[PDB]
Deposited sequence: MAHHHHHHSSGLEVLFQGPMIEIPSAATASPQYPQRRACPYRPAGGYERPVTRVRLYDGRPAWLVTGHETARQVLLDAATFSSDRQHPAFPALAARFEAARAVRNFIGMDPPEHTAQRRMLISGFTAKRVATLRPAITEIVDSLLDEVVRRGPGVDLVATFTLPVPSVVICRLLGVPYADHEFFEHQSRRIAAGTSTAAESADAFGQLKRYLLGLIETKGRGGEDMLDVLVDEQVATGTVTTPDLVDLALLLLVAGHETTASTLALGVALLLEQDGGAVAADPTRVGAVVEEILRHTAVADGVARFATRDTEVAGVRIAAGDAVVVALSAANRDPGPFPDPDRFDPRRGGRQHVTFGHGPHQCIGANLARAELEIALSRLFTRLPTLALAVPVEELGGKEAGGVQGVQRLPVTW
């Protein structure tokens, strides 16, 4: 049985070779698992939320890495907590944030240009853009963006010790417990939505609201950052800068970057009951991992799956999952990726890797996939 997950040799090309639509793998600690690799079967498993549980608190729930063996919407509260958050992620709300996002993107590209050719785009642009956008989504005031960017970078850089990362988490938790006491006082940001819902229902504690805000930061930061960095590397390889600069094409270019990069490579479930997926017999308690990256390269819905093609038709990719746990932030993540890539390649059309692609350095198998650094000239 092959190991899952494996290290990406090239960080913007997922580890494939897995048989479809279902195959047997071994997790890091030897636990057997069904890996779901077909696109249709991916959707079926993610939609069948009673049979395929994401209850991380249940003892059968599979860990994909040692570091994650040792925040999240618990099952009884899930639909209520999700409905709370979704009111802060309307299409109108994201459209309203676009001007703020392009201001954040431009001020970080000012810093890229100030430093000059040789700059690491990860530390200066790809990591900071999505933490500062989450600042603006939450209502974190401009004066505190530097502190918040710095502590969220400590968690996500994947260069800090487990202790340095726990420290940074605690600082952001402290900061947000302070800030939320000032919210619901005329603002329309995510922290005001949460206060207004607590004030209206009286059944949510302020610590639970801080936990929900930290969940958004953790779900929305490294994922968006790593799909932005990998997007840039992939566009530079494909000579695709110019298409990303095109305001009519950047939406479709971003869908194709999401399909390719699938930075949340797999999501874990466990069977709560005996079932069958594509004829395969699944016992209650069995690990079931949905390989979103592999579902995204199923040659049925995505013929010529490995080619970069923004014009691609057919079914939606599952980079953001599907069904009742589908990415709440998907619309915000698209807007962010579109404005960041559009403004980067308009301002710096001659952008190029300052080292060979083979020297970018990938992240570890277990976590959000990505590069450690992205040095660039123009």
Fill in the blank from the handout: Stretches of the deposited sequence lacking C-alpha coordinates, in sequence order, are 1 to 29, 100 to 106
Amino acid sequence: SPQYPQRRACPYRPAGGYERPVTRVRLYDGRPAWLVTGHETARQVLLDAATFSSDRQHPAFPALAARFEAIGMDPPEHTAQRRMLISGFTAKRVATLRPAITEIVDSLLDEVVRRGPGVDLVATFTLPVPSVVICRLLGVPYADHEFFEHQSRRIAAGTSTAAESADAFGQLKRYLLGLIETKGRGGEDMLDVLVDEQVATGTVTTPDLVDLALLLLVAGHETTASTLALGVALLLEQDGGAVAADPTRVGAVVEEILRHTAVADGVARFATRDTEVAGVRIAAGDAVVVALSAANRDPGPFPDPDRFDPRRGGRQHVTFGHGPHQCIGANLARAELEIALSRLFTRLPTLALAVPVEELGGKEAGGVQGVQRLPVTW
From here on, numbers count along this sequence of modelled residues.
Completion exercise
Going by the entry, of stretches 319 to 327 and 24 to 32 the one with greater average Cα B-factor is 24 to 32
Fill in the blank from the handout: Looking only at C-alpha temperature factors in the entry, 203 to 211 or 226 to 234, the higher average sits in 203 to 211
Completion exercise
Per the deposited B-factor column, the C-alpha that peaks among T159, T272, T261, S152 belongs to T159
Handout entry: Given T126, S293, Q171, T79, the residue at which the Cα B factor reaches its maximum
Key = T79
Handout entry: Record-listed C-alpha B factor of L47: chain third
Key = middle
Practice task
Please rank the C-alpha B-factors of the chain's modelled residues and tell me whether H145 sits in the lowest, middle or highest third.
Solution key: lowest
Practice task
Check where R334 lands among this chain's C-alpha B-factors and tell me if it's the lowest, middle or highest third.
Solution key: lowest
Problem - Third of the chain, ranked by Cα B-factor, where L194 sits - result: middle
Exercise for the section: Could you look up the Cα B-factor of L348 in the entry and say which third of the chain it sits in: lowest, middle or highest? Expected result: middle
